[PDB]
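Protein chains in written order, with the deposited numbering: chain Y, 2 to 72; chain W, 1 to 83; chain An, 1 to 25; chain S, 2 to 133; chain b, 2 to 99; chain B, 2 to 218; chain X, 2 to 130; chain D, 58 to 278.
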RNA sequence: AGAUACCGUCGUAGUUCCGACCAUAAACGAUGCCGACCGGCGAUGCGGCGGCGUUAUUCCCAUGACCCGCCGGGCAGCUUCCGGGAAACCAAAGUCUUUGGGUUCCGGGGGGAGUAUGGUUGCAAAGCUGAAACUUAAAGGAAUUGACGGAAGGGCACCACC
């Protein structure tokens, strides 16, 4: 705390209330931008109909096909 | 050193600086016992008894050992009061 | 890319992005 | 290109501090001593050592040697162990005393003495090295 | 990392010193920043002065000297080998060697 | 040393500290030398108060006497000015000298042949003989120094304020040191002057060894 | 400027301990400093002092021994109950044998232990061990 | 094995003329011998190796990979140390670092939190110790707790016999080089910390270089 | 090879002044500001003091120009186991797990991005405010060893030269 004063609870709380949004985990859980853009939409699971198959190539040094499914 | 009973409960009572009073650690190797030999008023020679003043390592590298040894013998009855 | 000439290329394109919003006024 | 090695120089220095007696100035005198005071499986290594010994045996006769400490260098201190000269700088009756040092003795027991001579202070005080 | 304590220059309470131009190049290097040399030198060095005393009409006329205060930029000072890279402790020596 | 009239600065002693050049100090002042100085002269020279020269050396002799073993008290001089001056102390007192080239690492490194594990050091110049001071601050080794107006009071426990720069000023401040230890141990009496001359301790210039054959020819 | 006298005067004593100075002149002389220094005197961490009277704010020279480890102030002046005092003496003192938090009770300036005996808390001043 | 000692400190130890190494930690005299510890505190001594850390200086062609043994040490009644020795193989450094661990075994001050009755169990103060950016801070605990800490600073506090402790490591504790030394420094600053217990003014009793000087004059030169 | 490049020759706006706009710089000491405290020394800049003499208008003083120090504040310096720090380094970046002298701004892995959008000022260029989706196991700081350099300096060789 840069300010320590005895009547500074309306700057310690208000500054914390502002700088907590710069926390990338907090802002994600408290905006309506991340919550909607989640393909599931605040779900632990989701049923879906398979409408094609994609042999996704492995990213880096491991050369292998990660046989995935479009859902 | 006491427990509630009262007997010495630790395994040694360490040294304590004669100049500053801050204690001397078990591996403060720059520490110094410094004995001064006791001189008779008339003869001007060593008796057998000894006058001891210890300083911690932190004061010798501070440059205030021979300011403090000077005062630990000015008004302890070794060196002149006028000086 | 130099951080100065990246900043200049973002500017030239901001002048372009504005021109493709100006034609609807 | 004949610089002595460490099995020649040190090997010579070990002999001279131990054997100042047996050696001398001439090479052929202390070439043959190295048959007795060294067990060397090399004719060449012997002459290299015994040759460098004589070069150092000419340096105990002109001064001291670096890596030596012998009874002769205990005897070197022994000669001037009680070198007493003629009456020195602490048998003087007219001694140069700085005038502002007359104040630091007047405050003590020693106000005015027998065997001093006072001077006068030097005006135009210019002692410092010019800055630069 | 901060290589030098002074920022390769010799202003500490100014913020702005007007640049005097380079001589080898024409780089706008600041005044304090520039490696400055002041040349004090004979107009004929050592071989020609042997002769010109015989062509001098006057009774042993000593020559005029030639006065050039050089302004080097840092890329020019080290190109012509005026100044020179030094070891991390040798850097801080501000003593000019004769 | 303190208000005893027997260890009072005697009439024979001041005129040695005047004639040697011990009141003659340096031009630069170390901030912890105002406590050993009377007043700054003209020509920028510091008068070392010769009572405050005297008073320190008596306890410095108490210090050497306070060591029961005379052997383990090491005495140090790397500058030529005091190399002989500390060497003549060695035989008389029963001490160990360092008359030029202290090997850095003797007190700490065991397996060096010259392994002095001393109990007390005596130092000519703290700046010049600075190497043992560090090793004296690495084992429990108290430090005595024949200090000056220029020399710092660093890593030294009792300072003896001298002019340790001058040729015949050094050996005189070693002779008074060598006397006072033998006086207290029980060699000399304070009624008669000690037979050994202070000029014995003075380092002879090899330029002036080339002279005396002609000087009294 | 100096906005706490009990802080910047006892910030001056702690630099004289850590260096090892025998006595220290601490320039402001408030009513709070004397009744701080006395509770370090009465408990016997520091030696005796004297307050130099000019026609200003006074000055204080304190005889320090090396018995004082750290003099530590708390700013601002937080109210302390008797059950909340248990938490202050936890995080701000080394052991629960030695070390005192002095605090300004209604009954007067005294250590946490005497405020615990007399059963009256107040605003906090600082600690010393 | 004999150990015919070299140092004046170690010369008195072999003859059973110094009573214990409790004087050695009083006079702060350096134990530069490795058989003074195996003599006294070697009795109930348990030496366990924390880390085996290879380090690679890059050469002209290839790497010179050495090894490092961070060896914890201590009898379970009032002494521990930390020894770090770097050597080219795994058998040398482990054997070598125990010696450097023994040369730097320190006395730990154990005592009492709260009521000062019974056996000494805990650290008697909030000591700190920090090398690198690591900051291991050891607090007195209530009884029968156990050392609530990381695997390693517990492993040294167990060796000390400091049963009750509260640890709060802060900084990059990933590097075990700085994490074993910082916790070691905290239990090296227990007898560097002036408690009101220690105010009974220390009289300077005769040093074993003064006390035994006549033994130290006719055993050698 | 090609240089709407480095090099050269011209040369437009520009550079210059006045009147307005613009409000950004590695605007850096990459270090907010007021206050306290904690080492040393040589310097210097300004003011004031105290202290022999030298020269200056000699016609003695007031007084400069020097000179020894002192004090106040500023610009930096130098050294140090004060202490810190990841280190390089720093009497401040110190007095910080033994954590609170006050107060402002501000940071929260790297990118996306100072981008999108609204708001707002500007004649325009643009400024201040300023996300998110998606993406990724690092980006980075300091230091050490090597390799390397179209870096500097010192060597060795008729597998170099003379």
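Virtual Cβ for every residue (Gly too), placed ideally from N, Cα, C.
Not a single C-beta of chain W is nearer than 8 Å to the C-beta of residue 110 of chain B. Look at the beta carbons and you see the stretch 23 to 35 of chain W touching the stretch 57 to 69 of chain W: at least three pairs across the two are nearer than 8 Å. Residue 61 of chain D and residue 114 of chain B have their alpha carbons spaced roughly 16 Å apart. Residue burial annotation: residue 68 of chain D is buried, with at least 16 other C-beta atoms found within 10 angstroms of its C-beta. In the structure shown, residue 6 of chain X falls within a helical segment according to DSSP collapsed to helix, strand and coil. Residue pairing by DSSP places residue 136 of chain D opposite D:164 in a beta bridge. For residue 181 of chain D, the three-state secondary structure derived from DSSP is coil. Per the C-alpha coordinates, the member of D:181, D:249, D:183, D:138 positioned closest to residue 163 of chain D is D:138. Assignment of beta-bridge partners to residue 101 of chain X by DSSP yields X:129.
Counting only Cβ-Cβ distances below 7 Å, residue 140 of chain B has contacts in chain D at 87, in chain order. Using a Cβ-Cβ cut-off of 8 Å, residue 181 of chain D counts as an interface residue toward chain X, since at least one Cβ of chain X sits closer than that to its own. Contact check for residue 81 of chain W against residue 4 of chain B passes: the beta carbons are separated by less than 8 Å. Only 66, 67, 68 from the stretch 48 to 74 of chain X bring a Cβ to less than 7 Å from some Cβ of chain W.
Take residue 16 of chain b, set aside five residues on each side of it, and no residue of its chain has a beta-carbon closer than 8 Å to its own.
Taking the CA atoms as reference points, residue 89 of chain S sits about 7 Å from residue 200 of chain B. Linking residue 129 of chain X to residue 27 of chain X through their CA atoms gives a straight-line distance of about 17 Å. By the beta-carbon neighbour count (other beta carbons within 10 angstroms, threshold 16), residue 73 of chain B is buried.
Taking a contact as a CB-CB distance under 8 Å, the pair residue 159 of chain B and residue 52 of chain B does not count as one, their CB atoms being some 16 Å apart. When Cβ-Cβ separations below 8 Å define contact, residue 77 of chain X makes contact with chain Y.
Taking residue 21 of chain Y as the centre and dropping the five residues before and after it, the same chain places the C-beta of 27 closer than 7 Å to its C-beta, in chain order. D:220 is the residue among D:147, D:220, D:83 whose C-alpha sits nearest the C-alpha of residue 202 of chain D. Residue 113 of chain D sits exposed, since fewer than 16 C-beta atoms from the chains shown fall within 10 Å of its C-beta. Contacts with chain B (Cβ-Cβ distance below 7 Å) from the stretch 62 to 88 of chain D involve 63, 64, 65, 84, 85, 86, 87, listed in chain order. Residue state for residue 48 of chain S is assigned as helix, using DSSP reduced to three classes.
Distances from the alpha-carbon of residue 81 of chain B to those of B:144, B:12, B:166 put B:166 closest.
Take the alpha-carbon of residue 50 of chain X and the one of residue 37 of chain X: they are about 12 Å apart. Within chain X, 99 have C-beta atoms less than 7 Å from the C-beta of residue 252 of chain D, given in sequence order.
Of the other Cβ atoms in all chains shown, 16 or more fall within 10 Å of the Cβ of residue 55 of chain B; this residue is therefore buried.
Of all residues in the stretch 5 to 18 of chain Y, those with a C-beta nearer than 9 Å to a C-beta of chain X are 5, 6, 7, 8, 9, reading in chain order. Remark: three or more beta-carbon pairs, one from each stretch, lie closer than 8 Å, so the stretch 10 to 21 of chain B and the stretch 90 to 102 of chain S are flagged as touching.
Using a Cβ distance threshold of 8 Å, residue 80 of chain X and residue 124 of chain X count as a contacting pair.
The beta carbon of residue 70 of chain X lies closer than 7 Å to those of 130 in the same chain, with the five residues before and after it left out. Scanning chain B for C-beta atoms nearer than 7 Å to the C-beta of residue 266 of chain D yields 120, reported in chain order. One alpha carbon belongs to residue 34 of chain W, the other to residue 65 of chain W, and they sit about 11 Å apart.
Per DSSP, residue 7 of chain Y lies in no beta strand (DSSP E) segment and is marked neither H nor E. Annotated three-state conformation of residue 210 of chain D is helix, per DSSP.
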